[PDB]
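Values in this text are rule-based calculations from the coordinates and carry no lab data. Virtual Cβ from ideal backbone geometry, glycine too; neighbours counted across all protein chains shown.
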Amino acid sequence: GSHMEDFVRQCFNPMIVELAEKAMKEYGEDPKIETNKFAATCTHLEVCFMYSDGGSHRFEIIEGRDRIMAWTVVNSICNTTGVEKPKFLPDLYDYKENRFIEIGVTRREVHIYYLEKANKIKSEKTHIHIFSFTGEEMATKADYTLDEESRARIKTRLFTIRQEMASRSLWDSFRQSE
Ligand SMILES: C[C@H](C[C@@H](C[C@H](C[C@@H](C[C@@H](CCN1CCCC1=O)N1CCCC1=O)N1CCCC1=O)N1CCCC1=O)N1CCCC1=O)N1CCCC1=O
Ligand SMILES: Nc1ncnc2c1ncn2CCNC(=O)c1nc(-c2ccccc2C(F)(F)F)[nH]c(=O)c1O
Ligand SMILES: [Mn+2]
Ligand SMILES: [Mn+2]
């Protein structure tokens, strides 16, 4: 039982922790062992949720659901809006901008992480939005979807999590593991 596991459980709302646990066990991974990946799965989950709570019924949340139902909704959006079915599961869908969104949270330079995912998805359709634990962000065609206030809020949350890890001497392992 690690210090990181107890921190994760005390730092994040219980629904987020359980969803992160479910996702990992779906891929055979143990939150009790891969504890830095545990914290990461939760942050990304929280960021996605804060992101969806930043617009007006504007976004359809795709992250958090089980694989099959996530794809079911993706197909239903694709066969309603016309948009082609993504190669990989996205994180949200914008009914206002009419595009899927891939959210990223990284401990490295925002450029590197965006480039990796863009080359990964290849399709010019799914919109990419990267956040860092230092408050930078980078989004496709410089289009950041939400208003600055809701996005700055996410960056503040990420930096508070980073400081909380540091005070507990867990940050260096977390950063040195992505
Ligand atoms: C107190 C308040 C609570 C948050 C909760 C919300 C997370 C998310 C909840 C679940 C619903 C579960 N299932 C099971 C299957 C069908 C289904 O839907 N999932 C996961 C998959 C998508 C989804 O819907 N929901 C519910 C409503 C919309 C939403 O996104 N959110 C959004 C902000 C961060 C967060 O946690 N709510 C409730 C509405 C307003 C709000 O903020 N919190 C917690 C801390 C911050 C905060 O404000
Ligand atoms: N290794 C895995 N473990 C559980 N589930 C996995 C999964 N790979 C795929 N899936 C299912 C669908 N995954 C996603 O959608 C998704 N995964 C990530 C990611 C990837 C690797 C390590 C940590 C992360 C995370 F950022 F969460 F912490 N980042 C995203 O931005 C994102 O959208
Ligand atoms: Mn995802
Ligand atoms: Mn993502």
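What to note about this one:
- Residues with amide H under 5 Å from that of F131, placed H, sequence gap 5 or more: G104, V105, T106
- In order along segment 157-168, the phi-based Karplus estimate (6.51 cos²θ - 1.76 cosθ + 1.60, θ = phi - 60°) of 3J(HN,Hα) comes to 4, 4, 6, 5, 4, 5, 5, 5, 4, 5, 3, 9 Hz; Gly and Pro are listed as x.
- Treating r as the C-beta distance of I112 and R153 and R0 as 22 Å, the FRET efficiency rounds to 0.35.
- For segment 95-111, the Karplus equation 6.51 cos²θ - 1.76 cosθ + 1.60, evaluated at θ = phi - 60°, returns couplings of 6, 7, 8, 6, 7, 6, 10, 9, 8, x, 10, 9, 9, 10, 5, 4, 4 Hz by residue, with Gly and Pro reported as x.
- Here the contact order of segment 62-178, divided by its residue count and restricted to Cα pairs under 8 Å and six or more residues apart, works out to 18 percent.
- Expressed to the nearest 5 percent, the antiparallel share of DSSP beta bridges inside segment 28-167 is 60 percent.
- The distance between label points at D66 and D53 comes to 2.6 nm (points 7 Å beyond Cα on the Cα→Cβ vector).
- Long-range HN-HN contacts of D91 with modeled amide H, under 5 Å: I101, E102, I103
- In order along segment 8-17, the Karplus-derived 3J(HN,Hα) couplings, from 6.51 cos²θ - 1.76 cosθ + 1.60 at θ = phi - 60°, round to 3, 5, 8, 8, 10, 3, x, 4, 5, 4 Hz, and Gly and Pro are given as x.
- The calculated 222 nm mean residue ellipticity attributable to helices in the chain amounts to -16500 deg cm²/dmol, summing -39500 (n - 2.57) over DSSP H runs of n ≥ 4 and dividing by all residues.
- All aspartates and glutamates inside 14 Å of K120 as judged from Cα atoms, apart from same-chain residues fewer than 8 positions distant: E102
- Links that overshoot a 32 Å alpha carbon limit, given the list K125/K155; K32/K122; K25/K141: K32/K122; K25/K141
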